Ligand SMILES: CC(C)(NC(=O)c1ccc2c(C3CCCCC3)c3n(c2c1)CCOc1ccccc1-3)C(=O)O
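In structure tokens, the next block holds one chain alone, the form deposited without the named molecule.
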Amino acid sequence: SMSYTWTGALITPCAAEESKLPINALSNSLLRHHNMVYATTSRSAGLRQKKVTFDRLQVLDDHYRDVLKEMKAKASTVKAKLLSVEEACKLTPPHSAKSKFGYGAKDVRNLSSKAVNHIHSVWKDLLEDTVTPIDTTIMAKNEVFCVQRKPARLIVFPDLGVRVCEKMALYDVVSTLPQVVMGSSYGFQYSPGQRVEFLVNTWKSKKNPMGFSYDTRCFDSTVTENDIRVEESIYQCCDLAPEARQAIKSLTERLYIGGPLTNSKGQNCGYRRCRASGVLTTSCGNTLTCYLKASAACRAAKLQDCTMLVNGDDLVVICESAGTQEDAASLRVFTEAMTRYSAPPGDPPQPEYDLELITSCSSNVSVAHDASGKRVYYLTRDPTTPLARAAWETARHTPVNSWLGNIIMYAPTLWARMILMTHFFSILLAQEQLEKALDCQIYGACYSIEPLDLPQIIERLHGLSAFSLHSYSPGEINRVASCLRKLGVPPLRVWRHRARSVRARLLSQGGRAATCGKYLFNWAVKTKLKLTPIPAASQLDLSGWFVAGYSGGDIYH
């Protein structure tokens, strides 16, 4: 069937949207080429509608069913708990979109009786009714990039009351099942370093390693009614409370499979027969589905000792080469299979023979050296989007603070230590706002984070190594440098200078601020202070930071 059908009503915005980067007194210290940075808006959603709208054919064979049966056997070992209304309420982000039934995110969080009542009545309707399509809102995401212009991405989500019910029903499943079904292929169980560890061990466990990422064209749109029912039959394999079995079947029929789309104004826009981007099971379902399809395809294309790493719609395979000609021909077959399974490619896939060239989850493995001279592997990416967003966040307060997320996930990197950290700690000092907790996203989930805790976080996730890395590779250095010429970011000798000031200012405050100066900015000085383990390190509740994926699933931890 058709992924979408459209009545012709436009995708409308809530507030005014800004596409040109806002500029303040801090901007020029980061970025001169302001017109290179933009925010997508509802206004360009027609371009997106065009490309995500197509017909889907699907042809499922034995490799496909065999693997599905392998997955179900694992899922039948899983036991999920039905969350309480209160518990699901606590998992709602504070900035989550308000209900049309007259209550909001905070009324959910602080547990007001009006919100709890409506939620209960939504649950009860869910238990009694398994057919009635559930209303959803379609919006355009405001995201920020550098010119490469991309149309706004679409977000489709049900009402706040449904979103809470989803959590009651499925939060435990989507946190627990993916790991059991897909084992070490489940990308979201990994921190950055654990991911490098897995990619490196996988790579080097092959005689002659060949790897490739697979870029599906609009994964969401390629997901069919079949796919959604299949993944439901996977959820159903779990040991569940009778009320959870029921809610899951009903949410599958009324919501996950398809449903009407309403704009922010109340007008009807059309109908959806593919994955909704804004539901709880978005991450988990895409993952299970991508894995199911790629595992089968790898069999259909006779790939040798193939190892998969899956994150939502993001897929990378590492296997044994047969030479460039047989490798070239293996992937076309792999891609034909994926195509039959309704997962056609964007850019066709290309074999890589050097791990550092493999881009997956928008990151690559790279190498630098620790204080001992001991070669160390770490994860990095092209910093263009991180820096484009840092620019936006320099001038505008935002619901999610990506600069802080980028420091947590990309601490060992050159561009995150020398730029992100220097620039933003410089800003927090001027506002005296070091002690203030900020919101940031990790694998789709919102975390409230105190900047002063960064050293301990970084030590826990990356080891003291991360405060000592040096002699980065020429490929990494070049990309960072080339990215700065593009954006008009000051050269790295300026940031070193700024960082000496930023560090000394921090040392002066004493306490946590001086711990920040000592560890985050040790790189900046000629004669370095000695970095030992940190007393307060083993105090943070880092449980559930890298358990599962939650993107579009409206989750707060």
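Rigid core: the largest C-alpha set superposing within 1.5 Å between the two forms. Numbering starts at 1 and follows the sequence shown.
- Counting the deposited residues that fall between residue 148 and residue 149 and carry no coordinates gives a value of 4 to 9.
- Remark: stretch with higher mean C-alpha B factor among 466 to 474 and 151 to 159 is 466 to 474.
- In this entry, the higher average B-factor at the C-alpha atoms falls on 109 to 117, of the pair 388 to 396 and 109 to 117.
- For the set 175, 335, 441, 289, the PDB entry assigns the largest Cα B-factor to 441.
- For the set 227, 220, 253, 435, the PDB entry puts the maximum C-alpha B factor at 435.
- Among the modelled residues of its chain, residue 530 has a C-alpha B-factor that falls in the highest third according to the deposited record.
- Remark: residue 166 belongs to the lowest third of its chain, ranked by C-alpha B-factor as recorded.
- The entry lists a Cα temperature factor for residue 348 that places it in the highest third of the chain's modelled residues.
- Per the PDB record, residue ranking by Cα B-factor puts residue 242 in the middle third of the chain.
- Among all modelled residues in this chain, the alpha-carbon of residue 44 has a temperature factor (C-alpha) in the lowest third.
The form solved in complex with the named molecule is left out here; the points below concern that form.
- The pocket of the unliganded chain is judged blocked, since the named molecule, transferred from its pose in the deposited complex by superposition of the C-alphas around the site, places three or more atoms within 2.4 angstroms of backbone or C-beta atoms.
- Here the marked residues 91, 119 and 168 all miss the named molecule in the deposited complex; none has a heavy atom within 4.5 angstroms.
- Mapping the unseen interface onto this chain, residue 502 falls outside it, with no heavy atom inside 4.5 Å of the named molecule in the deposited complex.
- At a distance threshold of 4.5 angstroms between non-hydrogen atoms, residue 495 is in contact with the named molecule in the deposited complex.
- Proximity of residue 330 to the named molecule in the deposited complex falls outside the 4.5 Å heavy atom cutoff.
- Contact annotation: residue 387 falls within 4.5 Å of the named molecule in the deposited complex, judged by heavy atom distances.
- Segments offered: 260 to 268, 104 to 112, 235 to 243, 391 to 399. Contacting the named molecule in the deposited complex at heavy atom distances within 4.5 Å is 391 to 399.
- This chain appears without its partner; in the deposited complex, the one residue of 291, 424, 157, 123 with a heavy atom within 4.5 Å of the named molecule is 424.
- The listed set 230, 85, 75, 420 contains one residue whose heavy atoms approach the named molecule in the deposited complex to within 4.5 Å, identified as 420.
- When the two forms are overlaid on the rigid core, CA displacement between this form and the one not shown of 2 Å or more is confined, within 186, 171, 443, 219, to 443.
- Relative to the superposed core, residue 433 undergoes a C-alpha shift of no less than 2 Å between this form and the one not shown.
- Once the rigid core is overlaid between this form and the one not shown, residue 514 counts among the residues whose Cα shifts by 2 Å or more.
- Once the rigid core is used as the reference frame, the Cα position of residue 348 differs between this form and the one not shown by less than 2 Å.
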